[PDB]
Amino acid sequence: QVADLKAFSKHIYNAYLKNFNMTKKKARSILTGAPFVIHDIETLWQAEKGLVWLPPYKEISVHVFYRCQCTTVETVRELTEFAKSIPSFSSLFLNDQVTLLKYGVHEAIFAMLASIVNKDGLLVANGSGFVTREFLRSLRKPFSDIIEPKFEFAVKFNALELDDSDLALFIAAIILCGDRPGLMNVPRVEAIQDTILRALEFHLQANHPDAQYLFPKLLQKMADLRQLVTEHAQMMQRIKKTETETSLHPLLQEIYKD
């Protein structure tokens, strides 16, 4: 058990290093010293005009909302490849894999957004841009509702000071979740998750030897993320109800379908 955990953790980290475009290590070097700062309409237009970088244009709040969907779609592709590299995730039947991804990606996305964020804003477009928290909060309701809860979570999450190797096991535990609706092989997914959680506590003891209560704090963060996604899906429902001209990407339609 103790010898198999270190190899397991290393395999998952490699799956992480191989599949995600931005690491917290890379992100943290960009945010400590250059990204083009986007803080109003004019700089946002600048960024789109090649300094940094879709359905037909409409308005600024809707354009940003569309760029949020695009990052989700791309992060889902990365999370799908990550999960496939996970031990025995690929042994599940394909429909169980889709179930885990469907109900797990947004929990993992919000955890991973914390890596590319500080209290003042968000790295965008491979870290070549930085969009400020203040500009994001200046958008129109209902679109601005979805913004600040994610910053409030990320600031508290970044306080735990996790690194990419911790995060790789954290995300894997989010995905391999046994109580997802419609899951076929519940005992098999619970088994995989228990191994990942075991590997995670072992990894934390070695990587953060002085850290107080870090494993149960992380388990609590997993419950916070489910609550965060719950509130986020509620706000997406309001956007769908009250902003009928605004489009939702087909993949997000499938994720949010009941």
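Here the rigid core means the biggest group of C-alpha atoms that line up within 1.5 Å when the two forms are laid on top of each other. In this text, residue numbers run from 1 along the sequence as written.
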Next on the checklist: For a rigid core alignment of each structure in 7 other deposited structures of this protein onto the shown form, which stretch has the higher root mean square Cα deviation: 139-147 or 164-172?
Outcome noted: 139-147
Next on the checklist: Can you check whether 87-95 or 111-119 lies farther from the displayed model in 7 other deposited structures of this protein, averaging C-alpha distances as RMS after superposing on the core?
Outcome noted: 87-95
Next on the checklist: Please classify the unmodelled stretch of the deposited sequence between residue 216 and residue 217: none, 1 to 3, 4 to 9, or 10 or more residues.
Outcome noted: none
Next on the checklist: In terms of residues present in the deposited sequence but not modelled, what lies between residue 45 and residue 46: none, 1 to 3, 4 to 9, or 10 or more?
Outcome noted: none
Item to check | Higher-B stretch (mean Cα B-factor, as the entry records it), 203-211 or 216-224 | outcome: 203-211
Checklist entry - Can you tell me which stretch has the higher mean Cα B-factor, 85-93 or 173-181? => result 85-93
Next on the checklist: Take the CA temperature factors straight from the PDB entry and tell me which of 189, 70, 196, 51 peaks.
Outcome noted: 51
Next on the checklist: Using the temperature factors of the C-alpha atoms in this entry, rank residue 252 within its chain: lowest, middle or highest third.
Outcome noted: lowest
Checklist outcome for this item: residue 244: CA temperature factor from the record, placed by chain third, in the highest
Next on the checklist: Ranking every modelled residue in this chain by its Cα temperature factor as given in the entry, which third contains residue 127?
Outcome noted: middle
Checklist outcome for this item: residue 58: C-alpha B-factor third of its chain, per the entry, is the highest
Item to check | CA B-factor placement of residue 24, once the chain's modelled residues are sorted into thirds | outcome: middle
